[PDB]
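Quick heads-up: it's one chain on its own, the form deposited in one PDB entry, in structure tokens.
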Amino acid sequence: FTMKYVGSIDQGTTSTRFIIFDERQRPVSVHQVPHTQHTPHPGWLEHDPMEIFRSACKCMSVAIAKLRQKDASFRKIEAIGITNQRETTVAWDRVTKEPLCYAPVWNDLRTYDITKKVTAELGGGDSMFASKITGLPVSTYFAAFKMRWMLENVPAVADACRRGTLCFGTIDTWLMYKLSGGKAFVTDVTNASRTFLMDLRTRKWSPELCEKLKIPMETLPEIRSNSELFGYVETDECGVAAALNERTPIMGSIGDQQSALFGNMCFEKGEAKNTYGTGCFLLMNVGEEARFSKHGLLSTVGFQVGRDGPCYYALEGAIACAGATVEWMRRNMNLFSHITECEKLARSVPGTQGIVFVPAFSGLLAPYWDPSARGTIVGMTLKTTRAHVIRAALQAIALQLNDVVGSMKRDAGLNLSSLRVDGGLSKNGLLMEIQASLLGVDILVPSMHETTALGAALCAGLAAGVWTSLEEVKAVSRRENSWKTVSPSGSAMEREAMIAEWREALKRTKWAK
């Protein structure tokens, strides 16, 4: 019974880390390295793919080092998961093993005038036109638009196609490729599905869509599950393979948001988490039937455990400025100086005293897709103070989520047990209370929070049998890390007055252009 250990690579927008979990699911070591946010033109965003990979190996080496420092018996990791910023796409070569250019990030917008062709070239005015296939609108986010953009504006990537030695990949792809010497060229259900080249139901590609967008079906990797065997660690980029001490295999691979959904044990249909990062991504499970949703939300793979195990689907809602809005209030306005002042301030007033702050800075997402919407405040007086506005922004996140949650039905299919949340903005009490009160369900806040990292640790743990059922994984999490909880509270008339205000404020947000 020894002590098994499992490794997760949390490869985020901003930074990369490694965590080693042990068999009780406790994070026993960690190390983080950031990478550069390249912004060559306004609203463009770009990552150096070698920066990342290297972040990834340094992260593993040091974390290990720290672990054997404090448990000198530690000799190996059973396996290693990979969770990652979805959509972000990397262009590289099968002979130089190297990237032909930087990677345009999930929220980069260089594909704006490619998305406007696609939706007219083949969409005829409908961007939903292929949304029964992909699960997705034509948008600037999804890999394929970025994919092509390269082929059209990058001499070196254009060349690659000319010789059919080009390799397109999301970060699970690019990271399993280099981590594996150069020998695994695989993606997964989740990351594929953000491609815009994958079929939701079939769970394999679409030569239809591939060639329709001028994208060779040969440059793509081989799709696979989230919890199987992907390859082995055969590189020594920061003495990583030496550090690892044994033949160590890559067995997990999963999108960061789905990952978080796994790490919060949203296994049953109707179960949901919200990640309150810079944005918010709300995901709900919907069983093995891929719900679509008129409403503008996204149909997406929740996850599949092993080669053809039961493949669960999900729906998806984002708000773009959540944690961003708090940092904005602090840095750009100078509404408060120190993190906790935010919450202590919001608490210091009864309520918004009539004001509404729609923090719609980079647009309005979710059930209302309004790109023209900008940050608006309404109904101020000389009574209004920063507290009221900090409070108001908090509400506004909660009202959007509330608008998202209800939007996850109509046809539908189902209720909401509760909401496991994790964010760092979930550290904030009041926001939780208010949101609990609005949706009217319990809100679970796990003290052991790296439930995103964890997701990829489970996928690899299972597919190497450190745990052997989901039942066990649930058995463990219930036993080891306490799940602090926040019940609803407030009049049903309160709720509704907040919303009639909310819905009146939105009428006023439309602006850009």
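Residue numbers here begin at 1 and follow the sequence given. Each form is matched to the other, and the largest set of C-alpha atoms that superpose within 1.5 Å is called the rigid core.
Stretch exceeding the other in mean C-alpha B-factor - 224-232, 157-165: Comparing 224-232 with 157-165, the higher average CA B-factor belongs to 157-165.
Average Cα temperature factor in the PDB entry - higher stretch of 473-481, 455-463: Result: 473-481.
Given 397, 283, 171, 189, the residue at which the Cα B factor reaches its maximum: The listed residue with the largest C-alpha B-factor is 189.
Out of 328, 141, 357, 312, highest CA B-factor residue: The C-alpha B-factor peaks, among 328, 141, 357, 312, at 312.
Where the record places residue 510 (Cα B-factor, split into thirds across the chain): Middle third of the chain for residue 510's C-alpha B-factor.
Relative C-alpha B-factor of residue 24, binned into the chain's lowest, middle or highest third: Tercile = middle for this residue's CA B-factor.
Lowest, middle or highest third - CA B-factor, residue 10: As the PDB entry reports it, the C-alpha B-factor of residue 10 lands in the lowest third of its chain.
CA B-factor ranking of residue 179, expressed as a third of its chain: Answer is middle: the recorded C-alpha B-factor places it there.
Residue 295 by Cα B-factor - lowest, middle or highest third of the modelled chain: Top third by C-alpha B-factor.
Absent from the display: the form deposited with a small molecule bound. The rest refers to it.
Heavy atom of residue 230 within 4.5 Å of the small molecule in the bound PDB entry: Residue 230: no, not in contact with the small molecule in the bound PDB entry.
Exercise: residue 278 in contact with the small molecule in the bound PDB entry, heavy atom 4.5 Å: Contact check for residue 278: yes, within 4.5 Å of the small molecule in the bound PDB entry.
In the bound PDB entry, residue 15 touching the small molecule (heavy atom, 4.5 Å): Heavy-atom contact with the small molecule at 4.5 Å: present for residue 15.
Contact flag, residue 106 vs the small molecule in the bound PDB entry, heavy atom cut 4.5 Å: Residue 106: yes, in contact with the small molecule in the bound PDB entry.
Segment that reaches the small molecule in the bound PDB entry - one of 279-287, 355-363, 158-166, 378-386, heavy atoms within 4.5 Å: Within 4.5 Å of the partner lies stretch 279-287.
Of the candidates 101, 377, 209, 238, the only Cα that travels 2 Å or more between the shown form and the other one, given a rigid-core fit: Only 377 moves by 2 Å or more at its C-alpha.
Exceeds or equals 2 Å, Cα of residue 333 between the shown form and the other one, core fit: Yes, the C-alpha moves 2 Å or more.
Residue 406 C-alpha moves between the shown form and the other one by 2 Å or more, core aligned: No, residue 406 moves less than 2 Å.
Did residue 421 shift 2 Å or more between the shown form and the other one, C-alpha, core superposed: After core superposition, the C-alpha of residue 421 moves less than 2 Å between the shown form and the other one.
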